[PDB]
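Asks: Supplied structure: my_file.pdb, PDB, C-alpha atoms.
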ATOM      1  CA  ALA A   1      65.415  18.671  99.027  1.00  0.00           C
ATOM      2  CA  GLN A   2      61.793  19.749  98.602  1.00  0.00           C
ATOM      3  CA  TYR A   3      60.730  16.191  97.821  1.00  0.00           C
ATOM      4  CA  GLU A   4      62.330  13.697 100.185  1.00  0.00           C
ATOM      5  CA  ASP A   5      62.303   9.955 100.450  1.00  0.00           C
ATOM      6  CA  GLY A   6      60.284   9.090 103.538  1.00  0.00           C
ATOM      7  CA  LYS A   7      58.265  12.287 103.303  1.00  0.00           C
ATOM      8  CA  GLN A   8      55.984  12.656 100.245  1.00  0.00           C
ATOM      9  CA  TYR A   9      56.938   9.196  99.150  1.00  0.00           C
ATOM     10  CA  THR A  10      58.863   6.102 100.183  1.00  0.00           C
ATOM     11  CA  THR A  11      61.057   3.966  97.962  1.00  0.00           C
ATOM     12  CA  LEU A  12      60.459   0.236  97.618  1.00  0.00           C
ATOM     13  CA  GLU A  13      63.452  -1.726  98.920  1.00  0.00           C
ATOM     14  CA  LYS A  14      62.611  -4.191  96.187  1.00  0.00           C
ATOM     15  CA  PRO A  15      61.563  -2.474  92.913  1.00  0.00           C
ATOM     16  CA  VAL A  16      59.009  -4.157  90.665  1.00  0.00           C
ATOM     17  CA  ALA A  17      60.031  -4.681  87.040  1.00  0.00           C
ATOM     18  CA  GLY A  18      57.554  -4.209  84.202  1.00  0.00           C
ATOM     19  CA  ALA A  19      54.970  -2.633  86.532  1.00  0.00           C
ATOM     20  CA  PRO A  20      52.358  -0.120  85.264  1.00  0.00           C
ATOM     21  CA  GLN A  21      53.553   3.506  85.160  1.00  0.00           C
ATOM     22  CA  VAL A  22      50.972   4.853  87.606  1.00  0.00           C
ATOM     23  CA  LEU A  23      49.406   2.026  89.626  1.00  0.00           C
ATOM     24  CA  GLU A  24      46.623   2.738  92.118  1.00  0.00           C
ATOM     25  CA  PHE A  25      45.066   0.293  94.632  1.00  0.00           C
ATOM     26  CA  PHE A  26      41.714   0.661  96.350  1.00  0.00           C
ATOM     27  CA  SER A  27      38.814  -1.203  97.994  1.00  0.00           C
ATOM     28  CA  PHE A  28      35.114  -0.303  97.957  1.00  0.00           C
ATOM     29  CA  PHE A  29      35.288  -1.047 101.727  1.00  0.00           C
ATOM     30  CA  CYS A  30      38.076   1.503 102.207  1.00  0.00           C
ATOM     31  CA  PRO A  31      36.923   4.819 103.749  1.00  0.00           C
ATOM     32  CA  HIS A  32      39.816   7.004 102.562  1.00  0.00           C
ATOM     33  CA  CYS A  33      39.295   5.470  99.100  1.00  0.00           C
ATOM     34  CA  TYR A  34      35.711   6.740  99.172  1.00  0.00           C
ATOM     35  CA  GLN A  35      37.014  10.213  99.905  1.00  0.00           C
ATOM     36  CA  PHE A  36      39.768   9.833  97.222  1.00  0.00           C
ATOM     37  CA  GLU A  37      37.070   9.017  94.711  1.00  0.00           C
ATOM     38  CA  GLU A  38      34.083  11.210  95.591  1.00  0.00           C
ATOM     39  CA  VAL A  39      35.449  14.244  97.431  1.00  0.00           C
ATOM     40  CA  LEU A  40      39.082  14.566  96.316  1.00  0.00           C
ATOM     41  CA  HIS A  41      38.938  13.083  92.775  1.00  0.00           C
ATOM     42  CA  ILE A  42      42.594  12.046  93.196  1.00  0.00           C
ATOM     43  CA  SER A  43      42.807   9.849  90.102  1.00  0.00           C
ATOM     44  CA  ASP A  44      41.379  12.540  87.907  1.00  0.00           C
ATOM     45  CA  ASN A  45      43.605  15.280  89.250  1.00  0.00           C
ATOM     46  CA  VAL A  46      46.716  13.151  88.896  1.00  0.00           C
ATOM     47  CA  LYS A  47      45.808  12.445  85.236  1.00  0.00           C
ATOM     48  CA  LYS A  48      45.458  16.192  84.532  1.00  0.00           C
ATOM     49  CA  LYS A  49      49.093  16.728  85.637  1.00  0.00           C
ATOM     50  CA  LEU A  50      50.727  13.635  84.209  1.00  0.00           C
ATOM     51  CA  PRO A  51      52.842  14.030  81.076  1.00  0.00           C
ATOM     52  CA  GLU A  52      51.406  12.298  78.069  1.00  0.00           C
ATOM     53  CA  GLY A  53      52.452   8.909  76.944  1.00  0.00           C
ATOM     54  CA  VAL A  54      51.419   7.845  80.456  1.00  0.00           C
ATOM     55  CA  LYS A  55      48.885   5.133  81.315  1.00  0.00           C
ATOM     56  CA  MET A  56      47.012   4.969  84.607  1.00  0.00           C
ATOM     57  CA  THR A  57      46.004   1.699  86.182  1.00  0.00           C
ATOM     58  CA  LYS A  58      43.585   1.192  89.078  1.00  0.00           C
ATOM     59  CA  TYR A  59      43.094  -2.162  90.837  1.00  0.00           C
ATOM     60  CA  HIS A  60      40.769  -3.514  93.535  1.00  0.00           C
ATOM     61  CA  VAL A  61      42.025  -5.557  96.503  1.00  0.00           C
ATOM     62  CA  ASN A  62      40.809  -8.592  98.414  1.00  0.00           C
ATOM     63  CA  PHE A  63      42.011  -8.020 101.966  1.00  0.00           C
ATOM     64  CA  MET A  64      39.005  -5.950 103.025  1.00  0.00           C
ATOM     65  CA  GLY A  65      35.434  -7.155 103.440  1.00  0.00           C
ATOM     66  CA  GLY A  66      36.120 -10.875 103.286  1.00  0.00           C
ATOM     67  CA  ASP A  67      33.933 -12.823 100.870  1.00  0.00           C
ATOM     68  CA  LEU A  68      32.318  -9.662  99.474  1.00  0.00           C
ATOM     69  CA  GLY A  69      35.792  -8.141  99.114  1.00  0.00           C
ATOM     70  CA  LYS A  70      36.659 -10.876  96.626  1.00  0.00           C
ATOM     71  CA  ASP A  71      33.343 -10.482  94.771  1.00  0.00           C
ATOM     72  CA  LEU A  72      34.119  -6.802  94.453  1.00  0.00           C
ATOM     73  CA  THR A  73      37.532  -7.606  92.940  1.00  0.00           C
ATOM     74  CA  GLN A  74      35.864  -9.900  90.362  1.00  0.00           C
ATOM     75  CA  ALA A  75      33.256  -7.163  89.648  1.00  0.00           C
ATOM     76  CA  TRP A  76      35.977  -4.615  89.137  1.00  0.00           C
ATOM     77  CA  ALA A  77      37.562  -7.044  86.631  1.00  0.00           C
ATOM     78  CA  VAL A  78      34.152  -7.078  84.923  1.00  0.00           C
ATOM     79  CA  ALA A  79      34.054  -3.277  84.928  1.00  0.00           C
ATOM     80  CA  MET A  80      37.563  -3.078  83.409  1.00  0.00           C
ATOM     81  CA  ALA A  81      36.797  -5.740  80.784  1.00  0.00           C
ATOM     82  CA  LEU A  82      33.630  -3.895  79.732  1.00  0.00           C
ATOM     83  CA  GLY A  83      35.072  -0.424  80.150  1.00  0.00           C
ATOM     84  CA  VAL A  84      32.301   0.649  82.487  1.00  0.00           C
ATOM     85  CA  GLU A  85      34.486   1.785  85.395  1.00  0.00           C
ATOM     86  CA  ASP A  86      33.111   5.320  85.349  1.00  0.00           C
ATOM     87  CA  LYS A  87      29.516   4.100  85.548  1.00  0.00           C
ATOM     88  CA  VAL A  88      29.782   1.763  88.528  1.00  0.00           C
ATOM     89  CA  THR A  89      32.481   3.282  90.767  1.00  0.00           C
ATOM     90  CA  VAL A  90      30.266   5.735  92.586  1.00  0.00           C
ATOM     91  CA  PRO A  91      27.221   3.429  93.040  1.00  0.00           C
ATOM     92  CA  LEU A  92      29.522   0.656  94.296  1.00  0.00           C
ATOM     93  CA  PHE A  93      31.122   2.971  96.891  1.00  0.00           C
ATOM     94  CA  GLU A  94      27.761   4.330  98.006  1.00  0.00           C
ATOM     95  CA  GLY A  95      26.168   0.890  98.020  1.00  0.00           C
ATOM     96  CA  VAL A  96      28.923  -0.473 100.246  1.00  0.00           C
ATOM     97  CA  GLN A  97      29.637   2.488 102.579  1.00  0.00           C
ATOM     98  CA  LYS A  98      26.721   4.984 102.430  1.00  0.00           C
ATOM     99  CA  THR A  99      23.395   3.177 101.911  1.00  0.00           C
ATOM    100  CA  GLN A 100      24.647  -0.316 102.800  1.00  0.00           C
ATOM    101  CA  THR A 101      22.553  -1.940 100.141  1.00  0.00           C
ATOM    102  CA  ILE A 102      25.362  -4.165  98.877  1.00  0.00           C
ATOM    103  CA  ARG A 103      25.478  -7.434 100.820  1.00  0.00           C
ATOM    104  CA  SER A 104      25.863 -10.113  98.166  1.00  0.00           C
ATOM    105  CA  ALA A 105      27.159 -10.696  94.654  1.00  0.00           C
ATOM    106  CA  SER A 106      23.563 -10.302  93.486  1.00  0.00           C
ATOM    107  CA  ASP A 107      23.457  -6.756  94.900  1.00  0.00           C
ATOM    108  CA  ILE A 108      26.737  -5.882  93.132  1.00  0.00           C
ATOM    109  CA  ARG A 109      25.190  -7.193  89.944  1.00  0.00           C
ATOM    110  CA  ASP A 110      22.112  -4.918  90.499  1.00  0.00           C
ATOM    111  CA  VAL A 111      24.448  -1.887  90.448  1.00  0.00           C
ATOM    112  CA  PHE A 112      25.672  -2.847  86.952  1.00  0.00           C
ATOM    113  CA  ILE A 113      22.072  -3.556  85.708  1.00  0.00           C
ATOM    114  CA  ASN A 114      20.930  -0.183  86.990  1.00  0.00           C
ATOM    115  CA  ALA A 115      23.940   1.426  85.269  1.00  0.00           C
ATOM    116  CA  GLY A 116      22.639  -0.100  82.045  1.00  0.00           C
ATOM    117  CA  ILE A 117      24.954  -3.061  81.523  1.00  0.00           C
ATOM    118  CA  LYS A 118      22.838  -5.990  80.305  1.00  0.00           C
ATOM    119  CA  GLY A 119      22.269  -9.052  82.491  1.00  0.00           C
ATOM    120  CA  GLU A 120      23.409 -11.360  79.746  1.00  0.00           C
ATOM    121  CA  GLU A 121      26.497  -9.203  79.177  1.00  0.00           C
ATOM    122  CA  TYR A 122      27.357  -8.996  82.898  1.00  0.00           C
ATOM    123  CA  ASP A 123      26.925 -12.707  83.660  1.00  0.00           C
ATOM    124  CA  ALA A 124      28.974 -13.772  80.631  1.00  0.00           C
ATOM    125  CA  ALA A 125      31.803 -11.378  81.638  1.00  0.00           C
ATOM    126  CA  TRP A 126      31.592 -12.499  85.300  1.00  0.00           C
ATOM    127  CA  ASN A 127      32.128 -16.100  84.166  1.00  0.00           C
ATOM    128  CA  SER A 128      34.729 -15.403  81.448  1.00  0.00           C
ATOM    129  CA  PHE A 129      38.426 -16.418  81.652  1.00  0.00           C
ATOM    130  CA  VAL A 130      39.257 -12.925  80.435  1.00  0.00           C
ATOM    131  CA  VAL A 131      37.838 -11.758  83.772  1.00  0.00           C
ATOM    132  CA  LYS A 132      39.697 -14.561  85.558  1.00  0.00           C
ATOM    133  CA  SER A 133      43.082 -13.404  84.231  1.00  0.00           C
ATOM    134  CA  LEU A 134      42.134  -9.786  84.987  1.00  0.00           C
ATOM    135  CA  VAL A 135      41.453 -10.912  88.588  1.00  0.00           C
ATOM    136  CA  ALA A 136      44.853 -12.696  88.609  1.00  0.00           C
ATOM    137  CA  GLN A 137      46.493  -9.465  87.380  1.00  0.00           C
ATOM    138  CA  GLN A 138      44.944  -7.466  90.225  1.00  0.00           C
ATOM    139  CA  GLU A 139      46.149  -9.955  92.792  1.00  0.00           C
ATOM    140  CA  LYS A 140      49.620 -10.327  91.268  1.00  0.00           C
ATOM    141  CA  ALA A 141      50.166  -6.564  91.170  1.00  0.00           C
ATOM    142  CA  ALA A 142      49.143  -6.274  94.841  1.00  0.00           C
ATOM    143  CA  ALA A 143      51.264  -9.272  95.815  1.00  0.00           C
ATOM    144  CA  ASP A 144      54.282  -7.792  93.997  1.00  0.00           C
ATOM    145  CA  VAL A 145      54.309  -4.670  96.173  1.00  0.00           C
ATOM    146  CA  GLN A 146      53.699  -6.063  99.694  1.00  0.00           C
ATOM    147  CA  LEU A 147      50.276  -4.476  99.811  1.00  0.00           C
ATOM    148  CA  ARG A 148      48.629  -4.307 103.255  1.00  0.00           C
ATOM    149  CA  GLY A 149      46.942  -0.918 102.968  1.00  0.00           C
ATOM    150  CA  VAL A 150      44.785   1.171 100.662  1.00  0.00           C
ATOM    151  CA  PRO A 151      44.454   3.722  99.149  1.00  0.00           C
ATOM    152  CA  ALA A 152      47.881   3.224  97.564  1.00  0.00           C
ATOM    153  CA  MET A 153      49.650   4.602  94.548  1.00  0.00           C
ATOM    154  CA  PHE A 154      52.947   3.325  93.105  1.00  0.00           C
ATOM    155  CA  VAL A 155      54.994   5.063  90.433  1.00  0.00           C
ATOM    156  CA  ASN A 156      56.923   2.980  87.877  1.00  0.00           C
ATOM    157  CA  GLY A 157      57.023   0.084  90.304  1.00  0.00           C
ATOM    158  CA  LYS A 158      59.580   1.950  92.408  1.00  0.00           C
ATOM    159  CA  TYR A 159      57.927   4.714  94.433  1.00  0.00           C
ATOM    160  CA  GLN A 160      54.950   4.733  96.791  1.00  0.00           C
ATOM    161  CA  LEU A 161      52.970   7.878  97.542  1.00  0.00           C
ATOM    162  CA  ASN A 162      52.991   8.885 101.192  1.00  0.00           C
ATOM    163  CA  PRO A 163      49.873  10.979 101.832  1.00  0.00           C
ATOM    164  CA  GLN A 164      50.437  10.959 105.642  1.00  0.00           C
ATOM    165  CA  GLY A 165      53.347  13.319 104.938  1.00  0.00           C
ATOM    166  CA  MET A 166      51.295  16.085 103.218  1.00  0.00           C
ATOM    167  CA  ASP A 167      49.054  18.839 104.731  1.00  0.00           C
ATOM    168  CA  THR A 168      45.332  18.131 105.180  1.00  0.00           C
ATOM    169  CA  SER A 169      44.064  21.496 106.448  1.00  0.00           C
ATOM    170  CA  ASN A 170      42.838  22.225 102.959  1.00  0.00           C
ATOM    171  CA  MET A 171      41.668  19.386 100.715  1.00  0.00           C
ATOM    172  CA  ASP A 172      42.463  21.236  97.483  1.00  0.00           C
ATOM    173  CA  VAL A 173      46.035  21.866  98.562  1.00  0.00           C
ATOM    174  CA  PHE A 174      46.305  18.233  99.594  1.00  0.00           C
ATOM    175  CA  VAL A 175      45.221  17.016  96.144  1.00  0.00           C
ATOM    176  CA  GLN A 176      47.618  19.311  94.241  1.00  0.00           C
ATOM    177  CA  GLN A 177      50.535  18.287  96.440  1.00  0.00           C
ATOM    178  CA  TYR A 178      49.612  14.665  95.827  1.00  0.00           C
ATOM    179  CA  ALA A 179      49.352  15.135  92.029  1.00  0.00           C
ATOM    180  CA  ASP A 180      52.555  17.242  91.874  1.00  0.00           C
ATOM    181  CA  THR A 181      54.296  14.499  93.787  1.00  0.00           C
ATOM    182  CA  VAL A 182      53.132  11.898  91.294  1.00  0.00           C
ATOM    183  CA  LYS A 183      54.343  14.103  88.424  1.00  0.00           C
ATOM    184  CA  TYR A 184      57.731  14.614  90.097  1.00  0.00           C
ATOM    185  CA  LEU A 185      58.166  10.840  90.712  1.00  0.00           C
ATOM    186  CA  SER A 186      57.040  10.261  87.143  1.00  0.00           C
ATOM    187  CA  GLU A 187      59.909  12.433  85.837  1.00  0.00           C
ATOM    188  CA  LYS A 188      62.448  10.906  88.233  1.00  0.00           C
TER     189      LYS A 188
END
Any chance you could give the structure as structure tokens?
Replies:
Amino acid sequence: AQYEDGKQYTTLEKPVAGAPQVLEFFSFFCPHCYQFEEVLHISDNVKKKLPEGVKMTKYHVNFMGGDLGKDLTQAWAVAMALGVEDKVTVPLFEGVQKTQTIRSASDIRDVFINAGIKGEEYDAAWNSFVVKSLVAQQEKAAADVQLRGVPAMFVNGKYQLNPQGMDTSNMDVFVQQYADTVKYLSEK
């Protein structure tokens, strides 16, 4: 076939019921994730090719960056709860990996303040049980699918993208192959 198990994707030996349609995992400590976000715009290019009636989910993970890794997962819960994902994603990546100005929860908070989220609004969210369950959801989804590496994308809780098995001579071709794979899996 043109798309083959073990080549552009792998199948989960144990499928996950009720999982989000397109589920993506990342970490602000993850170097390929930085690329996926700022240079390749993977999420956005996948969206553009997905049928409609399809929801995309993106979750942060704990297993990189220790204590700060966990803070970043809570902050991402804050971003999702407030719907400010597209205002903090880039400054969080650059603060962690480029400028190295994020070293504490307070510095994460500064990124939101600078993006125009109010102190009051941020701290209440941070401390809310709505954010706590959102954190639980991120962990549960990761735990459900064995997750030891990011970036990662899962389709309908059954298929896992395999970017190692695609060309990387040309970044544009890589992205289209990746998105076309997601669309194919989607229709499977």
Asks: I'd like the neighbourhood of residue 65 in chain A as a compact mmCIF listing (two decimals) with C-alpha atoms, in the frame of the given file, where a residue qualifies if any of its atoms comes within 9 Å (using only C-alpha atoms), though same-chain residues fewer than 4 positions away should be ignored.
Replies:
# COMPACT_ATOMS: atom_id res chain seq x y z
CA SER A 27 38.81 -1.20 97.99
CA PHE A 28 35.11 -0.30 97.96
CA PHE A 29 35.29 -1.05 101.73
CA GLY A 69 35.79 -8.14 99.11
CA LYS A 70 36.66 -10.88 96.63
Asks: What residues come out when you apply the PyMOL selection byres ((chain A and resi 132) around 12) to this file, written as JSON, numbers by chain?
Replies: {"A": [71, 73, 74, 75, 76, 77, 78, 80, 81, 124, 125, 126, 127, 128, 129, 130, 131, 133, 134, 135, 136, 137, 138, 139]}
Asks: Nearest to residue 58 in chain A: which of A:187, A:22, A:7, A:41 is it, counting only C-alpha atoms?
Replies: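 Of all the options, A:22 lies closest to residue 58 in chain A.
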Asks: Here is a test: counting all atoms listed in the file, which residue of A:103, A:32, A:118, A:183 is nearest to residue 154 in chain A?
Replies: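 Nearest to residue 154 in chain A: A:183.
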Asks: Residues near residue 57 in chain A, anyone? I mean within 12 Å using all atoms listed in the file, not counting same-chain ones fewer than 4 positions away, as a list in words.
Replies: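 The residues satisfying every condition are residues 19, 20, 21, 22, 23, 24, 25, 26, 43, 44, 46, 47, 80, 85, 137, 138, 141, 152, 153, 154, 155, 156 and 157 of chain A.
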Asks: Taking the point (26.5, 3.2, 93.3) as given in the file, collect each protein or nucleic acid residue that comes within 12 Å of it, counting all atoms listed in the file, and present the set as a VMD selection string.
Replies: chain A and resid 28 34 38 85 to 102 107 to 115
Asks: Which residues match the PyMOL selection byres ((chain A and resi 163-180) around 7) in the file above, as a PyMOL selection string?
Replies: chain A and resi 7-8+40+42+45-46+49+161-162+181-184
Asks: Give me, please, the distance in Å between CA of residue 1 in chain A and CA of residue 13 in chain A, quoted to one decimal.
Replies: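 Result for CA of residue 1 in chain A versus CA of residue 13 in chain A: 20.5 Å, one decimal.
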Asks: Distance CA of residue 105 in chain A-CA of residue 37 in chain A, one decimal place?
Replies: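 Calculated distance between CA of residue 105 in chain A and CA of residue 37 in chain A is 22.1 Å.
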Asks: Report the distance between CA of residue 30 in chain A and CA of residue 159 in chain A in Å, rounded to one decimal place.
Replies: 21.6 Å
Asks: Grab all the atoms of range 141-148 of chain A that the file lists, wrap them in a box along x, y and z, add 8 Å per side, and give me centre plus edge lengths in Å (one decimal) as lines of an AutoDock Vina configuration file.
Replies:
center_x = 51.5
center_y = -6.8
center_z = 97.2
size_x = 21.7
size_y = 21.0
size_z = 28.1
